[PDB]
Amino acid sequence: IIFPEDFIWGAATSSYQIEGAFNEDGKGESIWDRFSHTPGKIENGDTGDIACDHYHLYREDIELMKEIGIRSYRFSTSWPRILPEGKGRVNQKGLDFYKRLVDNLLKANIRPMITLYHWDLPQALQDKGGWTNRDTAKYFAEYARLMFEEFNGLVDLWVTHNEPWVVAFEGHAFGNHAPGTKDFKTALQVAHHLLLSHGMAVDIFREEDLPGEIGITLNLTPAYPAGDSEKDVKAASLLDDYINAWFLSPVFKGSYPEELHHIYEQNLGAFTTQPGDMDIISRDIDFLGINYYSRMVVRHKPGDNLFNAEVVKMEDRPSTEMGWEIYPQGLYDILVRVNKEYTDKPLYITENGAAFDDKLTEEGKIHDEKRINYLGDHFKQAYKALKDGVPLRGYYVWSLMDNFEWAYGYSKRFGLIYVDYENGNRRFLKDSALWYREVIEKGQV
């Protein structure tokens, strides 16, 4: 298991999950500040108010990055830290933070990858409808241009959106994420606008002519039939379209998946689009980021939902603390499938990782063997994709450090680095960090 010497090994984080400084230096309120300050939304009543305090501690975190020896760092930039009202006047101190961060990364010889939108929409824009208001797509594109202007020649890897499926459905259909709406029609409308805003930002990226590459990051969950049944095969196919094709087909083919689009329209009425929208969404991009964690097993079950499809819990197979099945073969399957059916573009694993119950010892050690085993098994499947012709260029571990795990708060730890929040927010390299360091050095597992 040997990787190319120029293979981009990285680690990823997101702004709201690590930064803290939620109302400091002119930053505006985000929907996640609002959501986390609403009673009952987050486990244990945790908030992202302080989190890892990366906003103040970023210079120390870069030192740890160098220690591990990662070649690239994927992070997201907070829209309301930069534009408190989502539009209008720039908050120079918010922007100065990211300028300092980037200059530091480059001096450390770590390649930055910026995600423009990783879920922290300005609350000011939410009060005007958020992602159901087509104007939000335009403001996003103006924000994108601002960032392209400021980081021209400094950042050469760009992702417009992280996981539009999760933003749309978890945030607007099931209400588990900010803003917390529970309206499936709204979800579909939001998904369309996220896609539109993506294409709008790609157009601007070309126009600004800065060097580097732009893509989008999609969470992908391959679906597998629970039985030999042709009926299960079709049900599994449908849930697969629900998560994967719903976003992959517009971006790369310029259309939504037909059968699913029909099912939605007949049960819910049509969501609002304009002519030429599919052209914008499907602009040519430079790479696809894939976020992979697990798979779903599907049986046919008429009634009980719109797709007539039920997800089977695999209780007999290993799982992480999130309750997600461990299934490394899925990572291979999705890379191959993407390269076969959707695109010949370079692919990056922009997130993959696992939560396990981590224990900090007295000498400041964390023996997270299960995380090492999870990561090793997934690296091996990425190698196998690479060997078989997939143009995989890089792999980012989620996450560089323990952080605010959305609705679960701080109770779920995904980091290579343990964060001892209440003791000066001190950082400790887990054994998985030490293992990853050896992997990157030698390019082999």
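Position 1 is the first residue in the sequence shown; the rest follow in order.
At least a third of the other compared entries skip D316 while keeping the residues on either side.
With 110 to 118 and 199 to 207 compared on mean CA B-factor from the PDB entry, the stretch scoring higher is 199 to 207. Legend: mean Cα B-factor per stretch from the PDB entry, 261 to 269 versus 213 to 221; the higher mean is in 261 to 269. In the PDB entry, the Cα temperature factor peaks, among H177, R89, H300, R100, at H300. When the C-alpha B factors of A245, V159, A354, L360 are read from the deposited coordinates, the top value falls at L360. Placement of the Cα temperature factor of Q123 within the chain: lowest third of the modelled residues, per the deposited record. Residue-level temperature factors show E85 in the middle third of its chain, judged at the C-alpha atom. Among the modelled residues of its chain, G40 has a C-alpha B-factor that falls in the middle third, as given in the PDB entry. Ranked by C-alpha B-factor against the other modelled residues of its chain, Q381 falls in the highest third. In this PDB entry, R295 carries a Cα temperature factor that places it within the middle third of its chain's modelled residues.
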